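The chain below stands alone and is given in structure tokens; this is the form deposited in one PDB entry.
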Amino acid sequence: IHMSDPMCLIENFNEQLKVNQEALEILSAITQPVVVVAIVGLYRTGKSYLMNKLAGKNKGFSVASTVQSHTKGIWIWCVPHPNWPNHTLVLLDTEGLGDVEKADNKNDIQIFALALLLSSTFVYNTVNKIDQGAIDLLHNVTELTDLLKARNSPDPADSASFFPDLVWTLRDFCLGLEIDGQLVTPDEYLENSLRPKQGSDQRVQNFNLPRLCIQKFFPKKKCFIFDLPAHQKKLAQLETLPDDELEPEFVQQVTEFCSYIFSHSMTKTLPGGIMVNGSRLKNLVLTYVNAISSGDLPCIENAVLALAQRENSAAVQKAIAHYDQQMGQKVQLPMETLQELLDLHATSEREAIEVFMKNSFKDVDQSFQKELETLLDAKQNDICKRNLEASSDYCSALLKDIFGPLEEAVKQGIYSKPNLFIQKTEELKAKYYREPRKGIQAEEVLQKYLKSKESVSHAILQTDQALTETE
């Protein structure tokens, strides 16, 4: 019915997640509702030892005392609940985080996430003190867990209502529980560490981001302290010593921790008022392991690579900002020649690339440099086409200020007398040609106008011939 000894539930075979069918079969045979308690923390912090206490046994989850990690994967121990009749207590012992020999550092987050998803009570095991790194890791994995859970979902309860209750344990605790001159309980110490700072300013955003998350996903928190259990020369073989050879405060602290778990941990639930049993827990194991194996848990690349990308992206923005202010050398969009525009773009592009290199950091494959290159190319066509229509629009304005009076004169009839229209057009064409600061479009605008008015010239000549005969 229940398990005399724990078994491995989830293995890391090679570097894939593998479920143990023997443990699944035993688990799915559990017909009672299950209270699931999981422990997670850095490796070599006495997690397996503490979990054996919850089972009320002296041995169980394997314990070791070298610098090397010991527990691998996630282990399962289904035992009768010692206090709640007709309930099964489900204990989950986990591979510790931060193993400096483990190549698959991302598997840490997978085990962390699985512990949050499978448990109803989550025991976060830390040493000496609350560290910001422990807070940020809980923050990061909680967000990744909620995202994965949303990618595997189909009324009013939010996803956060199904996260487990948080139990924060402090091992080898020695520092004074005193904050700003006031003595505090372990719970008040936890609250002070997790309390968002008041206000809305930028000075507070980063501090409050993980705490707003933990406040949201873990409303019910509990903190426990544990003294050093014995002299350090006796920590190896600790599980061999009877309670009267350990520190009395530690023995009582372990008892108070176990009593809280037995009295406050709840049956795991699922959306729709469903009480989880062994079979439904097996479905949760298979569901989430497959979701992780198919990529539903996001993966963040190493922080040095992410920071390099942020700095290179900033470097490209400073590069185009320096090429945009350097185009003040162009004192005129109607430039005289087109090659002077191209040369000024080249010197500005060349200067902007230097400021990019100055502000860049490990731009692998020049991927961010090539991006800047295609941006500056777009800046070339953008200035070459705005140059064209700056020449046209200015030249067209001169055609209506030099030739405007002649158009009115011809419309009146001044040149209906008995070829002196052509003579004055040529002198006004040279007038137009002498106007400084006309772009490269000058000849085109003028010739297009002369062809527009080449049909009026013929008619004026015709009329001149007709009137010559009359007298």
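A residue's number is simply how far along the shown sequence it sits, counting from 1.
Missing coordinates between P418 and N419 amount to 1 to 3 residues of the deposited sequence.
Unmodelled residues of the deposited sequence between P154 and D155: 4 to 9. Checked against the record, the higher mean CA B factor of 382-390 and 112-120 lies with 382-390. Between the stretches 287-295 and 301-309, it is 301-309 that shows the larger average CA temperature factor. For the set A409, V67, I26, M51, the PDB entry puts the maximum C-alpha B factor at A409. The PDB entry gives the largest Cα B-factor of the residues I39, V34, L446, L42 to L446. When the modelled residues of the chain are ordered by their C-alpha B factor, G133 lands in the lowest third. For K330, the recorded CA temperature factor ranks within the highest third of the chain's modelled residues. Sort the chain's modelled residues by C-alpha temperature factor and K400 lands in the highest third, per the entry. The deposited CA B-factor of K47 belongs to the lowest third of values across its chain. Ranked within its chain, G98 lands in the lowest third, by CA B factor from the PDB record.
The same protein also has a form deposited in another entry, omitted here; what follows describes it.
Comparing the chain between the shown form and the other one, the rigid parts pivot at a hinge, and of the candidates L342, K429, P298, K385 the one placed there is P298.
A decrease of at least 3 Å in the separation of the C-alpha atoms of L114 and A303 is found in the other entry, compared with the displayed form. In the other entry, the CA atoms of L114 and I300 sit closer together than in the displayed form, by at least 3 angstroms.
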